[PDB]
């Protein structure tokens, strides 16, 4: 039984981040990974997605070429040209991450880990046993898919994982789901040329975001050529002579339901949710607490109900973002190996960017959350809607919407929500400001940068 100071299960965003900071602090650490280092983000997440988003953005701007005095671009997009370059980039990143580990003297145990029946917390990878006074579970999650029992022919559709395996652009695609992953996929496919439909259970996408955003995003999707099928869901899917045939039910409130068949579908993409990767961990062997979805339960310090065992990242089911897994993993390493018992991550004011077209940026409370926390009487919001200067000379147009949520008489900025060109790189700084507890006065007393879209946020009235 080989012993280490720190055993990290899962070589993804949180695991690697935690292991590397620990090693820096003098801990003898080891990382267990059954697949490719970098985890979900690097291999089938953030990275390949951003590359594809940059590709879609190229398509959109190509539509404006003539408006800007250039000759019209004619071409059909060649998917496998970009797919190959994308795959290669991911390969380079994998090699880099391995190198980072070796340089830090972190041992890499290749294989699938599971807890043993042994008294003191111990795991087994390929017959060999390993243990440590501190063990971190950062196994992440996977795409959720419907059961054939509930939706016949469900296994005929793909998930976001399959999306990155596609070698050709699907002629016709149907995406099911209304979360950020669904929105992003629909946006990329549509911009690249696929006749795309997005099937959502209600009337708007991203319903957990501020109402101004969900409303605006749904509209922009439609303006971009995406067919948004509201109040609908798949009843069954079947393989026809040429492609799939999707049977769906549309039940608009105050109306009679109606069944519809969508034929000649080349790609059915399920983007309905994520499930934690805890099934084959043998967590029961140690009695580690989980909820009914399989998420590991942790306190504010990432502690599980068992001493010496922690969890961070997607596996805990809260704030499923790479930077959050990373920050939580680092804060943990500092608390354990630098003995800063107050070291933990504040899950409030975590910023998010959704790579739609245009992109969405958000941080803090939505107007509704602020109203429930401070009371309608104490919440004031400021907002604006304009057409970015970039479209002053184009026939095609997109909008830019911004909303600031303030609380109390001091007008503390508790939330910022926006969608528009450049909003993806615009958010970070304001997020710092909001984390610092800025008030509207602080924003107002900052000289604007002109001409930009960002200056609108410091000149709201």
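Residue numbers count along the first chain shown, from 1. Just so we're on the same page, rigid core means the largest C-alpha set that superposes within 1.5 Å between forms.
Rigid core fits of the other structures in 8 other deposited structures of this protein place the C-alpha atoms of one stretch farther away on average; of 72-80 and 305-313, that stretch is 72-80. The question of which stretch, 142-150 or 161-169, has the higher mean Cα B factor is settled in favour of 142-150. Of the two stretches examined, 380-388 and 124-132, the record assigns the greater average C-alpha temperature factor to 124-132. As recorded in the PDB entry, 112 shows the highest C-alpha B-factor of the residues 357, 295, 112, 335.
Each of 302, 278, 216, 232 has a CA temperature factor in the record; the biggest one is found at 278.
Compared with the other modelled residues of the chain, the Cα B-factor recorded for residue 441 ranks in the highest third. Residue 424: CA B factor in the lowest third of modelled residues in this chain (values from the PDB entry). When the modelled residues of the chain are ordered by C-alpha B-factor, residue 314 sits in the lowest third. Residue 203: CA B factor lies in the middle third for its chain, per the PDB record.
When the modelled residues of the chain are ordered by their C-alpha B factor, residue 430 lands in the lowest third.
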